Every structure is written in C-alpha cells, then in structure tokens.
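S.K.:
Numbering (the authors' numbering), first residue to last: 1 to 52, 52A, 53 to 82, 82A to 82C, 83 to 100, 100A to 100G, 101 to 112.
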C-alpha cells in the first residue's frame, strides 16, 4: 500500500513562490531516497531534484539550481519542493517518486513508485 500524494501546484507569477508537498505512506520513508520529476505534454519526464534517505545529500537539474530547494521531513513522512524563484520554463506536471535505493539517481526508471502529479503553471 505504497502511497505518494502530491499537493500545492497552482498558478504562480514569475516573481512569487510556491511549495509542493508529497505525503508518503505504506513504506519506511526514511529508508529511501526520494525525488521530483516534471513533464510537459508530449515530452519525457525530466529530473528536477532528489535527496538521499536522511536528506544530507541532494542533487538538482542544472536549470533549477539556486531557484528550487528540495527537503524532507522524516517524522511527518513528507517530501517538499520549495520554488523560491519560479520561471515560465518551470510550467509542467510535477511528480514525486521513491528511488529504489537509499540514495538517488537521475534516471526515471530507477524510481519504483510514483505519485499522481500536480500541475504547476508560471505566468
């Protein structure tokens, strides 16, 4: 009963902020790496950011570095994506995903569970 439920997507102005949340359950959350991917219609899923089980090490797509912050809360079993400087290029459906390992990678097929997605639109 692995469940990953995203929320927080919506319309945001390029001079604003938006925080995505992913409520995880049905597995030992703090044993796995977690990530965010995004997808534009007709295109492949693009890696956005990921972090290891503990949150101590992170990785970001070069195009979002310095604008987004990934974090997790290992008591609440929640994964976050804080968009501090959103841009029009960020418009996409965002998915949270569980890595198959305690760490992470940039390959979508190495994440074994996926959420339902949340649309982000940057005007």
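Don't be surprised by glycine CBs; every beta carbon is placed ideally from N, CA and C.
When the Cα of residue 21 is compared with those of 95, 90 and 111, which residue comes out closest?
M.R.: For this step, residue 21 is matched to residue 21 along the chain shown. It is 90.
S.K.: Could you check if residue 2 is buried or exposed, using at least 16 other CB atoms within 10 Å of its CB as the buried criterion?
M.R.: Counted from its first residue, the chain shown places residue 2 at position 2. Looking at its Cβ environment, which holds fewer than 16 other Cβ atoms inside 10 Å, residue 2 is exposed.
S.K.: If I measure Cβ to Cβ from residue 57 and keep anything under 6 Å in the same chain, skipping five residues before and after, which residues do I get?
M.R.: Start at 1 with the first residue of the chain shown, and residue 57 comes out as number 58. For residue 57, where only same-chain residues beyond five positions count, the Cβ hits under 6 Å are 51 and 69.
S.K.: Where residue 61 and residue 27 are concerned, what is the direct C-alpha to C-alpha distance, given to the nearest angstrom?
M.R.: Mapped onto the chain shown, residue 61 falls at position 62. Mapped onto the chain shown, residue 27 falls at position 27. Cα to Cα, the separation comes out at about 30 Å.
S.K.: Only counting the same chain, and skipping five residues up and downstream in sequence, which positions put a Cβ closer than 6 Å to that of residue 81?
M.R.: Taking the first residue of the chain shown as position 1, residue 81 is located at position 82. Same-chain partners within the cutoff: 19 and 68.
S.K.: Between which two residues does the beta strand (DSSP E) holding residue 38 run?
M.R.: Sequence index remark: in the chain shown, residue 38 carries index 38 (1-based). First-last of the beta strand (DSSP E) with residue 38: 34-39.
S.K.: What are the residues that DSSP puts in a beta bridge with residue 81?
M.R.: For the purposes of this step, residue 81 is taken as residue 82 along the chain shown, with counting starting at 1. The partner list for residue 81 (beta bridge, DSSP) reads 19 and 68.
S.K.: Below 6 Å CB to CB, which residues in the same chain sit around residue 112 once its five sequence neighbours on both sides are set aside?
M.R.: Indexing the chain shown from 1 puts residue 112 at position 123. Result list for residue 112: 13, in chain order.
S.K.: Report the residue from 98, 94 and 59 whose alpha carbon sits nearest the alpha carbon of residue 23.
M.R.: On the chain shown, position 23 is the one that residue 23 refers to. Cα-wise, what sits closest to residue 23 is 94.
S.K.: Below 6 Å CB to CB, which residues in the same chain sit around residue 46 once its five sequence neighbours on both sides are set aside?
M.R.: For the purposes of this step, residue 46 is taken as residue 46 along the chain shown, with counting starting at 1. Cβ neighbours of residue 46 beyond the five flanking positions: 38.
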